[PDB]
$ cat upload-v2.pdb   # PDB, C-alpha atoms (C1' of nucleotides)
MODEL        1
ATOM      1  CA  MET O   1      -2.082  38.307 -25.228
ATOM      2  CA  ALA O   2       0.574  40.209 -27.177
ATOM      3  CA  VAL O   3       3.482  38.005 -25.944
ATOM      4  CA  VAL O   4       5.630  40.196 -28.256
ATOM      5  CA  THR O   5       3.913  38.372 -31.143
ATOM      6  CA  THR O   6       6.225  35.898 -32.896
ATOM      7  CA  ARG O   7       9.488  37.248 -31.435
ATOM      8  CA  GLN O   8       9.323  35.185 -28.238
ATOM      9  CA  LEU O   9       8.181  32.103 -30.161
ATOM     10  CA  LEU O  10      11.070  32.342 -32.632
ATOM     11  CA  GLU O  11      13.638  33.019 -29.902
ATOM     12  CA  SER O  12      12.455  30.089 -27.770
ATOM     13  CA  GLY O  13      12.020  27.651 -30.655
ATOM     14  CA  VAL O  14       8.303  26.808 -30.680
ATOM     15  CA  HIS O  15       8.471  26.386 -34.471
ATOM     16  CA  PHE O  16      10.209  23.010 -34.034
ATOM     17  CA  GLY O  17       8.087  19.916 -34.559
ATOM     18  CA  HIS O  18       8.581  16.276 -35.558
ATOM     19  CA  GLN O  19      10.126  14.532 -38.552
ATOM     20  CA  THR O  20       8.380  12.518 -41.281
ATOM     21  CA  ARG O  21       8.577   9.152 -39.473
ATOM     22  CA  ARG O  22       5.365   9.663 -37.479
ATOM     23  CA  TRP O  23       2.674  12.211 -38.270
ATOM     24  CA  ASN O  24      -1.017  12.876 -37.702
ATOM     25  CA  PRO O  25      -2.658  13.311 -41.134
ATOM     26  CA  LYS O  26      -5.024  16.029 -39.863
ATOM     27  CA  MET O  27      -2.094  18.495 -40.070
ATOM     28  CA  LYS O  28      -2.188  18.891 -43.872
ATOM     29  CA  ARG O  29      -3.419  22.483 -43.599
ATOM     30  CA  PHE O  30      -0.787  23.045 -40.891
ATOM     31  CA  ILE O  31       2.416  23.032 -42.955
ATOM     32  CA  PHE O  32       4.867  25.928 -43.315
ATOM     33  CA  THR O  33       8.117  24.491 -44.718
ATOM     34  CA  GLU O  34      10.041  21.206 -44.646
ATOM     35  CA  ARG O  35      13.258  22.368 -42.970
ATOM     36  CA  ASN O  36      15.897  19.731 -42.137
ATOM     37  CA  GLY O  37      13.268  17.042 -41.563
ATOM     38  CA  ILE O  38      11.826  18.728 -38.476
ATOM     39  CA  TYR O  39       8.419  20.197 -39.269
ATOM     40  CA  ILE O  40       8.024  23.964 -38.950
ATOM     41  CA  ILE O  41       5.119  25.731 -37.274
ATOM     42  CA  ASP O  42       4.248  28.947 -39.106
ATOM     43  CA  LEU O  43       3.689  30.604 -35.681
ATOM     44  CA  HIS O  44       1.303  33.151 -37.242
ATOM     45  CA  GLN O  45      -2.071  31.501 -36.592
ATOM     46  CA  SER O  46      -0.515  30.434 -33.281
ATOM     47  CA  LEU O  47      -1.076  33.985 -32.027
ATOM     48  CA  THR O  48      -4.762  33.815 -32.979
ATOM     49  CA  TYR O  49      -5.199  30.405 -31.346
ATOM     50  CA  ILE O  50      -3.489  31.444 -28.105
ATOM     51  CA  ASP O  51      -5.635  34.598 -28.105
ATOM     52  CA  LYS O  52      -8.759  32.446 -28.441
ATOM     53  CA  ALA O  53      -7.549  30.200 -25.613
ATOM     54  CA  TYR O  54      -6.945  33.316 -23.505
ATOM     55  CA  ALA O  55     -10.475  34.524 -24.256
ATOM     56  CA  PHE O  56     -11.951  31.159 -23.282
ATOM     57  CA  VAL O  57      -9.995  30.990 -20.025
ATOM     58  CA  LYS O  58     -11.166  34.534 -19.230
ATOM     59  CA  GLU O  59     -14.757  33.419 -19.833
ATOM     60  CA  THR O  60     -14.224  30.314 -17.687
ATOM     61  CA  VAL O  61     -12.835  32.361 -14.810
ATOM     62  CA  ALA O  62     -15.687  34.846 -15.291
ATOM     63  CA  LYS O  63     -18.109  31.981 -14.702
ATOM     64  CA  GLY O  64     -15.759  31.143 -11.822
ATOM     65  CA  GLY O  65     -12.749  29.263 -13.135
ATOM     66  CA  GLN O  66     -11.283  25.848 -12.303
ATOM     67  CA  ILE O  67      -8.415  24.759 -14.565
ATOM     68  CA  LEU O  68      -6.788  21.368 -13.976
ATOM     69  CA  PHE O  69      -3.149  21.546 -15.110
ATOM     70  CA  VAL O  70      -2.327  17.953 -16.090
ATOM     71  CA  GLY O  71       1.264  17.137 -16.987
ATOM     72  CA  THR O  72       3.663  14.179 -16.992
ATOM     73  CA  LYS O  73       6.584  14.886 -19.348
ATOM     74  CA  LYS O  74      10.010  15.529 -17.840
ATOM     75  CA  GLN O  75      10.036  18.802 -19.801
ATOM     76  CA  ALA O  76       7.020  20.057 -17.816
ATOM     77  CA  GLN O  77       7.444  18.358 -14.415
ATOM     78  CA  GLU O  78       9.450  21.236 -12.925
ATOM     79  CA  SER O  79       7.457  23.907 -14.806
ATOM     80  CA  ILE O  80       3.761  23.085 -14.309
ATOM     81  CA  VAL O  81       3.966  22.721 -10.530
ATOM     82  CA  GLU O  82       5.604  26.068  -9.730
ATOM     83  CA  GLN O  83       3.189  28.193 -11.765
ATOM     84  CA  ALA O  84       0.161  26.194 -10.621
ATOM     85  CA  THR O  85       1.161  26.663  -6.976
ATOM     86  CA  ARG O  86       1.812  30.364  -7.612
ATOM     87  CA  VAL O  87      -1.679  30.847  -9.050
ATOM     88  CA  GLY O  88      -3.328  28.457  -6.590
ATOM     89  CA  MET O  89      -4.732  26.397  -9.467
ATOM     90  CA  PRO O  90      -5.256  22.609  -9.227
ATOM     91  CA  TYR O  91      -2.640  20.477 -10.953
ATOM     92  CA  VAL O  92      -1.382  16.923 -11.369
ATOM     93  CA  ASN O  93       2.263  16.314 -12.257
ATOM     94  CA  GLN O  94       3.209  12.686 -11.478
ATOM     95  CA  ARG O  95       1.436   9.666 -12.999
ATOM     96  CA  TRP O  96      -1.972  10.885 -14.083
ATOM     97  CA  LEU O  97      -3.839   7.703 -13.173
ATOM     98  CA  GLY O  98      -6.888   6.077 -14.698
ATOM     99  CA  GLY O  99      -9.853   7.654 -12.934
ATOM    100  CA  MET O 100      -9.958  10.915 -10.964
ATOM    101  CA  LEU O 101     -12.083  12.553 -13.645
ATOM    102  CA  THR O 102     -14.272   9.419 -13.664
ATOM    103  CA  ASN O 103     -13.353   7.971 -10.244
ATOM    104  CA  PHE O 104     -14.554  11.068  -8.409
ATOM    105  CA  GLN O 105     -15.842   9.115  -5.401
ATOM    106  CA  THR O 106     -12.625   7.140  -4.876
ATOM    107  CA  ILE O 107     -10.417  10.191  -5.406
ATOM    108  CA  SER O 108     -12.509  12.234  -2.961
ATOM    109  CA  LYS O 109     -12.175   9.398  -0.447
ATOM    110  CA  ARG O 110      -8.400   9.528  -0.894
ATOM    111  CA  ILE O 111      -8.496  13.332  -0.590
ATOM    112  CA  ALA O 112     -10.256  13.033   2.772
ATOM    113  CA  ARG O 113      -7.836  10.304   3.870
ATOM    114  CA  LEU O 114      -4.840  12.451   2.912
ATOM    115  CA  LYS O 115      -6.348  15.459   4.701
ATOM    116  CA  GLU O 116      -6.819  13.522   7.938
ATOM    117  CA  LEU O 117      -3.488  11.678   7.771
ATOM    118  CA  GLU O 118      -1.427  14.816   7.102
ATOM    119  CA  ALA O 119      -2.491  15.928  10.596
ATOM    120  CA  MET O 120      -2.759  12.678  12.560
ATOM    121  CA  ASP O 121       0.575  11.256  11.363
ATOM    122  CA  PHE O 122       2.386  14.459  12.331
ATOM    123  CA  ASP O 123       0.662  14.513  15.723
ATOM    124  CA  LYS O 124       1.607  10.886  16.400
ATOM    125  CA  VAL O 125       5.217  11.275  15.242
ATOM    126  CA  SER O 126       5.661  14.462  17.299
ATOM    127  CA  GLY O 127       3.853  13.289  20.439
ATOM    128  CA  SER O 128       3.270   9.767  21.723
ATOM    129  CA  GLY O 129       5.851   7.124  20.928
ATOM    130  CA  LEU O 130       5.304   4.523  18.241
ATOM    131  CA  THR O 131       7.069   1.385  17.068
ATOM    132  CA  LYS O 132       9.064   1.068  13.863
ATOM    133  CA  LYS O 133       7.689  -0.399  10.603
ATOM    134  CA  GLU O 134       4.222   0.946  11.508
ATOM    135  CA  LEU O 135       4.864   4.681  11.749
ATOM    136  CA  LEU O 136       7.417   4.128   8.982
ATOM    137  CA  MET O 137       4.884   2.451   6.686
ATOM    138  CA  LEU O 138       2.215   5.077   7.401
ATOM    139  CA  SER O 139       4.766   7.790   6.590
ATOM    140  CA  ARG O 140       5.715   5.943   3.401
ATOM    141  CA  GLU O 141       2.059   5.720   2.358
ATOM    142  CA  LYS O 142       1.762   9.447   3.060
ATOM    143  CA  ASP O 143       4.821  10.082   0.884
ATOM    144  CA  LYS O 144       3.440   7.974  -1.971
ATOM    145  CA  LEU O 145       0.085   9.768  -1.811
ATOM    146  CA  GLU O 146       1.842  13.151  -1.802
ATOM    147  CA  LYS O 147       3.974  12.118  -4.783
ATOM    148  CA  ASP O 148       0.952  10.886  -6.751
ATOM    149  CA  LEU O 149      -1.300  13.793  -5.710
ATOM    150  CA  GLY O 150      -0.378  17.478  -5.767
ATOM    151  CA  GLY O 151      -2.848  20.270  -6.487
ATOM    152  CA  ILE O 152      -5.780  17.840  -6.673
ATOM    153  CA  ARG O 153      -6.537  18.785  -3.045
ATOM    154  CA  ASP O 154      -8.733  21.791  -3.869
ATOM    155  CA  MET O 155     -11.751  20.870  -5.970
ATOM    156  CA  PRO O 156     -15.262  20.889  -4.453
ATOM    157  CA  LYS O 157     -16.832  19.220  -7.503
ATOM    158  CA  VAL O 158     -16.231  18.382 -11.171
ATOM    159  CA  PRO O 159     -13.755  20.856 -12.747
ATOM    160  CA  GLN O 160     -14.484  23.366 -15.515
ATOM    161  CA  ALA O 161     -11.550  22.921 -17.918
ATOM    162  CA  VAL O 162      -8.402  20.826 -18.309
ATOM    163  CA  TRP O 163      -5.003  21.953 -19.630
ATOM    164  CA  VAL O 164      -3.041  19.124 -21.258
ATOM    165  CA  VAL O 165       0.658  18.910 -22.147
ATOM    166  CA  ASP O 166       1.910  16.072 -24.383
ATOM    167  CA  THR O 167      -1.445  14.487 -25.155
ATOM    168  CA  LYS O 168       0.402  11.485 -26.601
ATOM    169  CA  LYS O 169       1.663  10.573 -23.127
ATOM    170  CA  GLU O 170      -1.446  11.863 -21.317
ATOM    171  CA  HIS O 171      -3.947  10.379 -23.766
ATOM    172  CA  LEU O 172      -6.281   8.948 -21.108
ATOM    173  CA  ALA O 173      -6.945  12.427 -19.710
ATOM    174  CA  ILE O 174      -8.567  13.541 -22.965
ATOM    175  CA  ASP O 175     -10.673  10.360 -23.181
ATOM    176  CA  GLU O 176     -12.013  10.978 -19.671
ATOM    177  CA  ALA O 177     -12.505  14.677 -20.446
ATOM    178  CA  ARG O 178     -14.507  13.908 -23.588
ATOM    179  CA  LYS O 179     -16.557  11.281 -21.755
ATOM    180  CA  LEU O 180     -17.528  13.762 -19.030
ATOM    181  CA  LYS O 181     -17.854  16.765 -21.414
ATOM    182  CA  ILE O 182     -15.295  19.191 -19.920
ATOM    183  CA  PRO O 183     -13.509  21.839 -22.025
ATOM    184  CA  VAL O 184     -10.010  20.820 -23.101
ATOM    185  CA  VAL O 185      -7.066  23.065 -23.979
ATOM    186  CA  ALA O 186      -3.911  21.224 -24.979
ATOM    187  CA  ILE O 187      -0.441  21.672 -26.419
ATOM    188  CA  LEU O 188      -0.335  19.786 -29.721
ATOM    189  CA  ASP O 189       2.598  19.324 -32.073
ATOM    190  CA  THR O 190       2.393  18.001 -35.641
ATOM    191  CA  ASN O 191       1.444  14.461 -34.402
ATOM    192  CA  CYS O 192      -1.686  15.218 -32.352
ATOM    193  CA  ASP O 193      -5.381  15.364 -33.203
ATOM    194  CA  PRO O 194      -7.713  18.396 -33.412
ATOM    195  CA  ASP O 195     -10.873  16.282 -33.110
ATOM    196  CA  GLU O 196     -10.193  15.503 -29.438
ATOM    197  CA  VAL O 197      -9.283  19.110 -28.512
ATOM    198  CA  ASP O 198     -11.836  21.923 -28.643
ATOM    199  CA  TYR O 199      -9.545  24.952 -28.200
ATOM    200  CA  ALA O 200      -6.381  23.708 -29.883
ATOM    201  CA  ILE O 201      -3.008  25.417 -29.454
ATOM    202  CA  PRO O 202      -0.429  24.061 -31.933
ATOM    203  CA  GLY O 203       3.221  24.149 -30.982
ATOM    204  CA  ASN O 204       6.216  22.133 -29.887
ATOM    205  CA  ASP O 205       5.970  19.947 -26.793
ATOM    206  CA  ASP O 206       9.453  18.386 -26.541
ATOM    207  CA  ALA O 207      11.454  21.204 -24.903
ATOM    208  CA  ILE O 208      11.327  22.289 -21.268
ATOM    209  CA  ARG O 209      10.776  25.973 -22.045
ATOM    210  CA  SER O 210       8.567  25.298 -25.091
ATOM    211  CA  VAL O 211       5.745  24.220 -22.793
ATOM    212  CA  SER O 212       7.014  26.503 -20.020
ATOM    213  CA  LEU O 213       6.193  29.811 -21.699
ATOM    214  CA  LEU O 214       2.700  28.575 -22.598
ATOM    215  CA  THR O 215       2.044  27.346 -19.065
ATOM    216  CA  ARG O 216       3.397  30.651 -17.718
ATOM    217  CA  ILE O 217       1.137  32.777 -19.927
ATOM    218  CA  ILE O 218      -1.931  30.697 -19.081
ATOM    219  CA  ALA O 219      -0.947  30.929 -15.399
ATOM    220  CA  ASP O 220      -0.818  34.713 -15.764
ATOM    221  CA  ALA O 221      -4.267  34.578 -17.369
ATOM    222  CA  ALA O 222      -5.572  32.476 -14.474
ATOM    223  CA  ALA O 223      -4.081  34.895 -11.934
ATOM    224  CA  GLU O 224      -5.630  37.893 -13.703
ATOM    225  CA  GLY O 225      -8.996  36.141 -13.762
ATOM    226  CA  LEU O 226      -8.732  35.242 -10.079
ATOM    227  CA  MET O 227      -8.005  38.897  -9.313
ATOM    228  CA  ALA O 228     -10.990  39.978 -11.425
ATOM    229  CA  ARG O 229     -13.210  37.482  -9.577
ATOM    230  CA  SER O 230     -13.080  39.788  -6.543
ATOM    231  CA  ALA O 231     -15.014  42.431  -8.480
ATOM    232  CA  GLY O 232     -17.032  39.772 -10.308
ATOM    233  CA  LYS O 233     -18.462  38.432  -7.039
TER     234      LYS O 233
ATOM    235  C1'   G S   1      -5.654 -17.929  -3.119
ATOM    236  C1'   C S   2     -10.885 -16.269  -3.773
ATOM    237  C1'   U S   3     -13.793 -11.913  -4.699
ATOM    238  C1'   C S   4     -16.256  -7.042  -4.427
ATOM    239  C1'   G S   5     -17.514  -1.376  -5.065
ATOM    240  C1'   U S   6     -16.499   2.367  -8.647
ATOM    241  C1'   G S   7     -14.132   3.475 -13.139
ATOM    242  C1'   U S   8     -12.703   1.823 -17.936
ATOM    243  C1'   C S   9     -12.687  -1.706 -22.468
ATOM    244  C1'   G S  10     -15.909  -4.740 -25.322
ATOM    245  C1'   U S  11     -22.717  -5.585 -28.734
ATOM    246  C1'   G S  12     -22.202  -9.565 -25.278
ATOM    247  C1'   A S  13     -20.642 -13.442 -21.933
ATOM    248  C1'   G S  14     -16.542 -11.077 -19.908
ATOM    249  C1'   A S  15     -12.022  -8.186 -18.980
ATOM    250  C1'   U S  16      -9.124  -4.665 -16.190
ATOM    251  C1'   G S  17      -7.805  -4.373 -10.971
ATOM    252  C1'   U S  18      -5.631  -9.746  -9.734
ATOM    253  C1'   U S  19      -0.975  -8.778 -16.268
ATOM    254  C1'   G S  20       4.430  -7.257 -16.210
ATOM    255  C1'   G S  21       9.880  -6.748 -13.606
ATOM    256  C1'   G S  22      12.031  -7.865  -8.652
ATOM    257  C1'   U S  23      11.234 -10.185  -4.079
ATOM    258  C1'   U S  24       8.950 -13.173  -0.186
ATOM    259  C1'   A S  25       7.214 -18.864   3.607
ATOM    260  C1'   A S  26       2.910 -15.872   1.650
ATOM    261  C1'   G S  27      -2.036 -11.935  -3.780
ATOM    262  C1'   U S  28       4.687 -10.740   1.360
ATOM    263  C1'   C S  29       6.095  -6.355  -0.276
ATOM    264  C1'   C S  30       8.554  -3.085  -4.217
ATOM    265  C1'   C S  31       8.560  -0.892  -9.356
ATOM    266  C1'   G S  32       5.827   0.206 -13.455
ATOM    267  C1'   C S  33       0.713   0.072 -14.903
ATOM    268  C1'   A S  34      -6.862   2.056 -16.975
ATOM    269  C1'   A S  35      -6.885   1.450 -13.049
ATOM    270  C1'   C S  36      -8.255   3.657  -8.164
ATOM    271  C1'   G S  37     -10.028   1.051  -3.643
ATOM    272  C1'   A S  38     -11.797  -2.380  -0.281
ATOM    273  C1'   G S  39     -12.933  -7.584   1.823
ATOM    274  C1'   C S  40     -12.156 -12.669   3.156
ATOM    275  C1'   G S  41      -7.345 -15.469   3.272
ATOM    276  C1'   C S  42      -1.147 -14.478   4.560
ATOM    277  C1'   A S  43       1.028 -12.041   8.610
ATOM    278  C1'   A S  44       0.269 -10.025  13.720
ATOM    279  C1'   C S  45      -2.863 -10.030  18.204
ATOM    280  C1'   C S  46      -3.486 -15.737  21.730
ATOM    281  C1'   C S  47      -1.045 -20.380  24.184
ATOM    282  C1'   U S  48       3.703 -22.793  25.021
ATOM    283  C1'   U S  49       9.106 -22.972  24.927
ATOM    284  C1'   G S  50      14.349 -20.209  25.022
ATOM    285  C1'   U S  51      16.985 -14.941  28.300
ATOM    286  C1'   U S  52      16.172 -11.493  32.073
ATOM    287  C1'   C S  53      13.943  -7.949  35.981
ATOM    288  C1'   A S  54      10.458  -6.612  39.751
ATOM    289  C1'   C S  55       6.755  -8.785  43.464
ATOM    290  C1'   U S  56       5.479 -12.749  46.744
ATOM    291  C1'   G S  57       8.084 -17.298  50.123
ATOM    292  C1'   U S  58       4.321 -22.389  51.494
ATOM    293  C1'   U S  59       3.093 -27.368  51.115
ATOM    294  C1'   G S  60       8.813 -24.818  47.363
ATOM    295  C1'   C S  61      14.170 -23.428  47.902
ATOM    296  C1'   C S  62      18.926 -23.367  51.696
ATOM    297  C1'   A S  63      23.908 -19.101  50.367
ATOM    298  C1'   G S  64      25.358 -16.699  55.631
ATOM    299  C1'   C S  65      23.475 -17.750  61.354
ATOM    300  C1'   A S  66      21.733 -21.025  65.845
ATOM    301  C1'   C S  67      20.542 -26.780  67.025
ATOM    302  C1'   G S  68      19.020 -31.094  65.763
ATOM    303  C1'   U S  69      19.118 -38.748  68.607
ATOM    304  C1'   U S  70      23.598 -40.332  64.618
ATOM    305  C1'   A S  71      20.399 -38.950  61.184
ATOM    306  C1'   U S  72      15.679 -35.792  57.497
ATOM    307  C1'   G S  73      15.599 -27.377  55.641
ATOM    308  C1'   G S  74      13.691 -31.563  60.930
ATOM    309  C1'   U S  75      14.327 -26.691  63.503
ATOM    310  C1'   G S  76      14.424 -20.745  64.363
ATOM    311  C1'   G S  77      15.337 -18.018  60.297
ATOM    312  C1'   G S  78      16.726 -16.276  55.402
ATOM    313  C1'   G S  79      15.074 -13.273  49.654
ATOM    314  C1'   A S  80      20.693 -15.132  47.902
ATOM    315  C1'   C S  81      20.273 -19.413  44.422
TER     316        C S  81
ENDMDL
END
$ encode --input "upload-v2.pdb" --output "structure tokens"
Amino acid sequence: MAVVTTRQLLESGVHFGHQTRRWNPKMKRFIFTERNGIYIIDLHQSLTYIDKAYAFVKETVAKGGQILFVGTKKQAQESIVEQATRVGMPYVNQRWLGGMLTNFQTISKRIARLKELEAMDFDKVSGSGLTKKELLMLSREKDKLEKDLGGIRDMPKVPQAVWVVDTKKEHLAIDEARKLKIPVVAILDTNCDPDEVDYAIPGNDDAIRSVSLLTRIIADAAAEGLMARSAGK
RNA sequence: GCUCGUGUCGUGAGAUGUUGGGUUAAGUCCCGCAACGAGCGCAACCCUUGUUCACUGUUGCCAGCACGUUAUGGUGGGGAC
């Protein structure tokens, strides 16, 4: 969308990148100016790329829409979850584990187990008595499953697209996504790869708000598409 | 301790899980983790021993009561031990 063009980007500081020490060579075209070691995003083609990502997410929600918001960095832990819960869009925030996208059967088994336990554990703790170190360990297992699984509850089948923040940390997600052929949209700074991302959105990924405004705008896009789905049906 | 399902890595045998840090009598748990799970083992359920309560009182027991061959709770009786 408009997102007041480059004004919001410049005020927030998206133009920041990484220094010369580590760099992905596929960024040769993507160079504005060498300012104080930190690489500078031109932020001009960024508008076009975010517009293209917006168009693709509109098309995905037109065909029905299922975006998996994957995130692990401390700069996005407290940002991804709130917007994903607001839009009602599936998300993972703590320890994206090997599988899920490929271990569909096991993850669905754990989804069913979590669904049944979230009721039976509460019924047992609130009703009939139970001894210690058994109810306690079941509650602890519930807590661990809740910590390691958030918005993954609601998915009937394989998703439609995945939104990635800090692909360097969440590398395995893109490998699974490319193996199973799902659209990928990711935040990439000057050290990431365009070959493994179809709809690439360059920009900083080291600040809390730097990923927060992008996740907020894509959440607004998802909410608008979900509203339009009422007429689309 | 030994393995499996699925995933993943490798052309392949195979690997990962099951490595690492901490802990435990224990692959016992915890933390992190391309692993996510499960199974047989460990543990627990069983028997016995250590404390205690209720119930029952003979062929067991005898605190309070009455005699007993002198004598043996032998006796009527007693639920205390």
$ closest_residue --input "upload-v2.pdb" --among "O:147, O:142, O:181, O:95" --to "chain S" --atoms "only C-alpha atoms (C1' of nucleotides)"
O:95
$ resolve_selection --input "upload-v2.pdb" --expression "the PyMOL selection byres ((chain O) within 9 of (chain S))" --output "ChimeraX atom specification"
/O:97-100,102-107,172
$ atom_distance --input "upload-v2.pdb" --atom1 "atom CA of residue 79 of chain O" --atom2 "atom CA of residue 222 of chain O"
15.6 Å
$ resolve_selection --input "upload-v2.pdb" --expression "the PyMOL selection byres ((chain O and resi 153-156) around 7)" --output "list in words"
residues 90, 111, 150, 151, 152 and 157 of chain O
$ axis_aligned_box --input "upload-v2.pdb" --around "segment 4-19 of chain S" --padding-each-side "6 Å" --output "lines of an AutoDock Vina configuration file"
center_x = -11.8
center_y = -5.0
center_z = -16.6
size_x = 33.7
size_y = 28.9
size_z = 36.3
$ resolve_selection --input "upload-v2.pdb" --expression "the PyMOL selection byres ((chain S and resi 20-31) around 6)" --output "PyMOL selection string"
chain S and resi 19+32+42
$ residues_around --input "upload-v2.pdb" --residues "residue 215 of chain O" --least-positions-apart "6" --cutoff "10 Å" --atoms "only C-alpha atoms (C1' of nucleotides)" --output "list in words"
residues 69, 76, 79, 80, 81, 83, 84, 163, 164, 165, 187, 209 and 221 of chain O
